[PDB]
């Protein structure tokens, strides 16, 4: 279990660094078609599912966030109202994308890992989010605050000068 954690963290380090470097080279707003970003969401999900106690999957832990950081209220509500979103895993995926758009993911993950008593309801004692790897990942996520992503309508696609 301690090895699976280290592998996931090394997987996260690589995805975070690749996303940041690639996005900076690209220079424009990112959306769902951006492969380095799709990789980040998948790795982040694998990290959040690790050591989950045997069902909201990783959505369970993400729900606690708004109680620790009020600002996460709006996106939490948004996902509970997303058109056709029917599964917890789906809500967890939409929540991650909106958090990345808000440039708030590091803040939300740091708030969670710092409340292991609450997290224990959802994770085993040796889960990534319950261990040191989880804390390193939350710190590494701060670099993603530079990412400009929009998973909805982009104003630049609609504008025209009269």
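Positions refer to the first chain, counted from 1.
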query	finding
Count class of coordinate-free deposited residues lying between the neighbours residue 54 and residue 55	4 to 9
Residue range whose averaged C-alpha B-factor is higher in the record, 64-72 or 105-113	64-72
Residue range whose averaged C-alpha B-factor is higher in the record, 6-14 or 20-28	6-14
Record-listed C-alpha B factor of residue 33: chain third	lowest
Residue 136 - which third its CA temperature factor falls in, relative to the rest of the chain	lowest
B-factor third for the C-alpha atom of residue 125 within its chain	highest
